[PDB]
């Protein structure tokens, strides 16, 4: 009933995406980024993160990395599934992405899962070890939803990242554009 309700939630979001993110225009595309960055900001305001990095990768993938606690990976009673899987299968960003990957650094372990249109492609797996904590989310916006454009605008991302850092002082937020490997741009904000 848990995983059935998951699938029904994905179908709902993909049927009426603008009801979830405002629009499927360039504005909605950028809202995907905001949805993930907002989660990282909450983790900083909880006392647990102080560095957020947004990268526009080749072919307009987005990677958001924070140094928070890591999304938890313990098995839930509610679902019988790892908590990160529950959190990401109920994510609007995930449902509206053709592909999304998560890497969690927690318990000195690196955990990975990948999804397509919100559906897990394999069970969460341990892939390596670490001495850090935090979460990496990489996603590619689904062009079946974002039918006008899937190309991000650096200046749009930059303006709002700068605003976020000014508003949440002490958080270092970095934007980087790696789309053109020959000319990489990076802006790094850190107020007080």
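Between two forms, the rigid core is defined as the largest C-alpha subset superposing within 1.5 Å. Residue numbers count along the first chain shown, from 1.
*Asks:* Compare 73-81 with 92-100 and report which one shows the larger root mean square C-alpha deviation from this form in 8 other deposited structures of this protein once the rigid core is superposed.
*Replies:* Most displaced of the pair in 8 other deposited structures of this protein: 73-81.
*Asks:* Hey, which bit's got the bigger mean C-alpha B factor in the entry, 14-22 or 167-175?
*Replies:* According to the PDB entry, the answer is 14-22.
*Asks:* Taking the recorded C-alpha temperature factors, which stretch has the higher mean, 106-114 or 76-84?
*Replies:* Of 76-84 and 106-114, the stretch with the higher C-alpha B-factor average is 76-84.
*Asks:* Just to confirm, going by the entry's C-alpha B-factors, which of 140, 69, 63, 27 comes out highest?
*Replies:* Most elevated C-alpha B-factor of the set, per the entry: 27.
*Asks:* Hey, what third does residue 152 fall into on Cα B-factor, ranked over its chain?
*Replies:* It belongs to the lowest third of the chain when residues are ordered by C-alpha B-factor.
*Asks:* Using only modelled residues of the chain, where does the Cα B factor of residue 123 rank: lowest third, middle third or highest third?
*Replies:* Ranked within chain, residue 123 CA B lands in the middle tercile.
*Asks:* Within this chain, which third does the Cα B-factor at residue 45 fall in: lowest, middle or highest?
*Replies:* Highest third, going by the recorded CA B-factors of the chain.
*Asks:* How does the C-alpha B factor of residue 38 compare with the rest of the chain: lowest, middle or highest third?
*Replies:* According to the entry, residue 38 has a C-alpha B-factor in the chain's highest third.
*Asks:* Taking the entry's C-alpha B-factors for this chain, is residue 59 in the lowest, middle or highest third?
*Replies:* Its C-alpha B-factor, which the entry lists for residue 59, ranks in the highest third among residues of this chain.
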